[PDB]
Amino acid sequence: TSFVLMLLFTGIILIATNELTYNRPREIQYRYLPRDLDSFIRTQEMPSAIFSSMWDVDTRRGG
Amino acid sequence: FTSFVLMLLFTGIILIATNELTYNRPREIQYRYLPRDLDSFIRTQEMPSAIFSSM
Amino acid sequence: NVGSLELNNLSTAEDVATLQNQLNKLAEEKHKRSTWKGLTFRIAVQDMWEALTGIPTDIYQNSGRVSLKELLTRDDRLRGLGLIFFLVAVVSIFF
Amino acid sequence: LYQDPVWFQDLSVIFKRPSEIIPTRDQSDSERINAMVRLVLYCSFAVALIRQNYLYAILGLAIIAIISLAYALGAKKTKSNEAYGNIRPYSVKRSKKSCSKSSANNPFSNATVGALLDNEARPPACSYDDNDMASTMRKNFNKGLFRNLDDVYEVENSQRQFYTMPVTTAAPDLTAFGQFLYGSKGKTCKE
Amino acid sequence: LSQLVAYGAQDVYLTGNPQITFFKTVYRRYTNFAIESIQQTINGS
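Chains as they are written, first to last, in the authors' numbering: chain cm, 5 to 67; chain cl, 4 to 58; chain co, 50 to 144; chain bS, 6 to 196; chain aa, 5 to 49.
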């Protein structure tokens with residue numbers, strides 16, 4: 005009985021040690037990859053909208 | 004005599020079941036796409052400045 | 050502005066795949082978290098599967114010429130020795 | 006290049022293959038720990054057999070764990086067991102000679118400029134066959150390189166040109182070379 | 005040149021792509037180097 009009591013005591017001590025060392029945190033870092041070629045082309049702005057201002061009104065005169 | 008080692012294993016195996024959680028320790032890092040404009044800028048640039056990096 | 054290169058993802062991946070890199074590594078993170086959560090204190094019934102994996106494979110580990118103690122016991126086997134709790138409960142019921 | 010016989014530490018199952026060694030002599034530290042393990046296991050098992058209480062074996066295993074854990078954790082990293090020149094005074098007991106293992110930046114450990122980077126004193130890149138560094142060398146060479154899958158004895162991507170230079174330290178170690186050609190002969194006739 | 009490549013936050017979050025006016029050239033900042041020319045020794049008549 006006494007052996008059981010001491011064994012439970014030390015087992016509870018080591019279990020408490022495990023629980024206290026269990027809560028150590030972990031960290032995530034973000035790694036950024038470049039866009040794939042097809043996705044890039046699908047995302048690319050049409051020239052009709054990139055530089056449409058070339059015929060907007062003019063530069064020597066206002067609107 | 005026998006009951007002594009039986010109880011010893013009885014508590015020890017619960018202790019082992021508590022212990023085992025510590026073994027697996029993987030690293031977590033996520034992946035995300037570049038911003039479109041930044042991606043275009045990086046793809047367009049001709050010189051790399053620093054040569055290489057391993058992480 | 051700078052080029053940083055990741056060599057591998059626990060398995061060398063040549064700089065050819067583009068989205069396979071994201072899919073593979075997301076699967077890696079999912080597997081790691083699944084193993085962590087099914088390998089922590091919170092288990093429902095998986096102890097039986099862990100014990101049944103432990104005994105034959107623990108014995109077979111010595112059927113190889115060697116097997117490192119870091120692998121004979123820590124390869125998802127430590128709680129696999131949790132069946133000794135079951136057997137000592139059984140004999141304590143008897144004895 | 007300097008070579009030593011084989012040993013291993015108490016992990017795996019070596020503690021049974023060269024069995025019946027109990028106490029240390031002219032053995033490596035890993036071998037000495039193994040011998041202490043053999044002592045404790047046989048002593049505790051014999052004591053348990055003599056007095057059938059089934060707990061002396063448990064205490065023997067516990068003290069085995071204590072000794073192994075102490076050896077694993079308390080090792081001092083301050084080792085400079087590098088052999089070159091005329092004198093190796095640091096230790097005369099069995100130990101693993103230092104090797105500069107192959108690395109990603111220097112696949113062949115040729116000590117081109119890595120010596121001036123951090124090591125200053127760089128241990129020699131030991132033999133091609135010592136510690137399976139042939140596989141590591143091949144893996145490091147075949148990092149980021151594509152093969153045409155017409156050569157399974159790969160020579161097509163020019164393995165042959167690349168090799169380890171005869172000397173891999175800052176100095177050629179001329180003293181060892183001279184002792185090789187011209188033995189000391191100890192006490193000679195003129196003495 | 006064949007290894008997978010990705011950027012950290014320091015090259016994404018703390019930066020971005022500036023808009024450049026055709027007529028405002030922004031020159032690249034570069035490494036420090038110098039060029040010399042020397043003669044080599046010829047072995048053979």
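Even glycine gets a Cβ: it sits at the ideal position worked out from N, Cα and C.
TODO: Buried or exposed for bS/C194, please, with buried defined as at least 16 other CB atoms from any protein chain shown within 10 angstroms of its CB.
DONE: exposed
- [ ] Using 10 angstroms around the beta-carbon of residue 33 of chain co, count the other beta-carbons present and answer buried if the total reaches 16, otherwise exposed.
- [x] Residue 33 of chain co lies beyond the range of chain co shown here (50 to 144); nothing can be said about it.
- [ ] Output the distance between the C-alpha atoms of cm/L12 and cl/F4, rounded to the nearest integer angstrom.
- [x] 18 Å
Task: Assigned secondary structure, co/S83 (DSSP; H/G/I helix, E/B strand, else coil) - done: helix
TODO: Give a yes or no on whether the minimum CB-CB distance between cl/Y26 and chain aa is below 8 Å.
DONE: no
- [ ] Give me whichever residues DSSP pairs with bS/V172 in a beta bridge.
- [x] DSSP, once it has assigned bridges, lists no residue as partnering bS/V172.
Open item on the list: Using a Cβ distance threshold of 8 Å, determine whether the region 97 to 109 of chain bS contacts the region 130 to 146 of chain bS, with at least three qualifying pairs required.
Closed with: yes
Open item on the list: With the cut-off set at 8 Å, would you say co/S53 and cl/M58 are in Cβ contact?
Closed with: yes
Open item on the list: Comparing C-alpha positions only, which one of cl/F55, cl/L9, cl/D42, cl/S56 sits nearest to aa/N21?
Closed with: cl/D42
- [ ] Closer than 8 Å by beta-carbon distance: list the chain co residues that pair up with cl/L9, in chain order.
- [x] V137, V140, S141, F144
Task: Closest by C-alpha distance to residue 3 of chain bS, when choosing among bS/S73, bS/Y89, bS/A175, bS/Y95 - done: Any question about residue 3 of chain bS goes unanswered here, given that chain bS covers just 6 to 196.
Open item on the list: With a threshold of 8 Å between beta-carbons, can cl/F13 be considered close to chain bS, or not?
Closed with: no
TODO: Using a cut-off of 9 Å between C-beta atoms, extract the partners of cl/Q33 located in chain C.
DONE: Looking at the structure shown, chain C is missing, and the protein chains on hand are cm, cl, co, bS and aa.
Open item on the list: Measuring straight from C-alpha to C-alpha, what distance separates bS/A70 and bS/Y133?
Closed with: 36 Å
TODO: Taking aa/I39 as part of the beta strand (DSSP E), name the residues at either end of that continuous run.
DONE: Looking at the DSSP string, aa/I39 is not in any beta strand (DSSP E), and its letter there is neither H nor E.
Open item on the list: Am I right that cm/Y26 and cl/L37 are in contact with their C-beta atoms under 8 Å? What's the rounded C-beta distance?
Closed with: Actually they are not in contact, since the Cβ atoms of cm/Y26 and cl/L37 sit about 37 Å apart, beyond 8 Å.
TODO: Consider the Cβ of cm/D40: report whether some Cβ of chain co lies at a distance smaller than 8 Å.
DONE: yes
TODO: Using a Cβ cut-off of 8 Å (strictly closer), state whether co/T67 contacts chain cm.
DONE: yes
Open item on the list: Do bS/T180 and bS/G65 count as a contact pair if the criterion is CB distance below 8 Å?
Closed with: no
Open item on the list: If the criterion is Cβ atoms closer than 8 Å, does the pair bS/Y59 and cl/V8 meet it?
Closed with: yes
TODO: Please compile the residues from chain co whose C-beta is within a distance smaller than 8 Å of the C-beta of bS/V42.
DONE: The contacting residues do not exist; bS/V42 stays about 12 Å from chain co at best.
TODO: Would you mind telling me which residues of chain aa sit closer than 8 Å to co/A62, beta carbon to beta carbon, in chain order?
DONE: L8
Task: Bounding residues of the alpha helix (DSSP H) (the contiguous stretch that carries cl/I32) - done: Taken as a continuous stretch (DSSP letters only), cl/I32 belongs to no alpha helix (DSSP H), being part of the beta strand (DSSP E) at 32 to 36.
- [ ] Specify, as a first and last residue, the run of the alpha helix (DSSP H) that bS/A181 falls within.
- [x] 179 to 186
Open item on the list: If you follow the alpha helix (DSSP H) that cl/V8 is in, where does it begin and where does it stop?
Closed with: 5 to 22
Open item on the list: Between bS/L60 and chain cl, is the shortest Cβ-Cβ distance under 8 Å, so that the two count as touching?
Closed with: yes
Open item on the list: For the region 106 to 114 of chain co against the region 6 to 15 of chain bS, do three or more pairs of beta-carbon atoms, one drawn from each stretch, fall closer than 8 Å, so that the two count as touching?
Closed with: no
- [ ] Quick one: measure Cβ to Cβ for cl/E31 and co/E99, integer angstroms, because I've assumed they're closer than 8 Å.
- [x] At roughly 24 Å, the Cβ-Cβ gap does not stay under 8 Å, so cl/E31 and co/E99 are not in contact.
TODO: For cl/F55, decide whether its Cβ has a neighbour in chain co, counting only Cβ atoms nearer than 8 Å.
DONE: yes
- [ ] Compare the C-beta of aa/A38 with all C-beta atoms of chain cm and state if any pair is closer than 8 Å.
- [x] no
Task: Contact under 8 Å by Cβ, bS/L150 with bS/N162 - done: yes
Task: Helix, strand or coil at co/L54 according to DSSP, with G and I counted as helix - done: strand
Open item on the list: If you reduce the DSSP assignment to three classes, tell me which class co/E119 lands in.
Closed with: helix
- [ ] Compare the Cα-Cα distances from aa/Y17 to each of cm/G67, cm/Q33, cm/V61 and report the closest residue.
- [x] cm/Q33
Open item on the list: What would DSSP say about bS/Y76, mapped onto helix, strand or coil?
Closed with: helix
Task: Cross-chain neighbours of aa/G12 in chain co, by beta carbon under 9 Å - done: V51, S53
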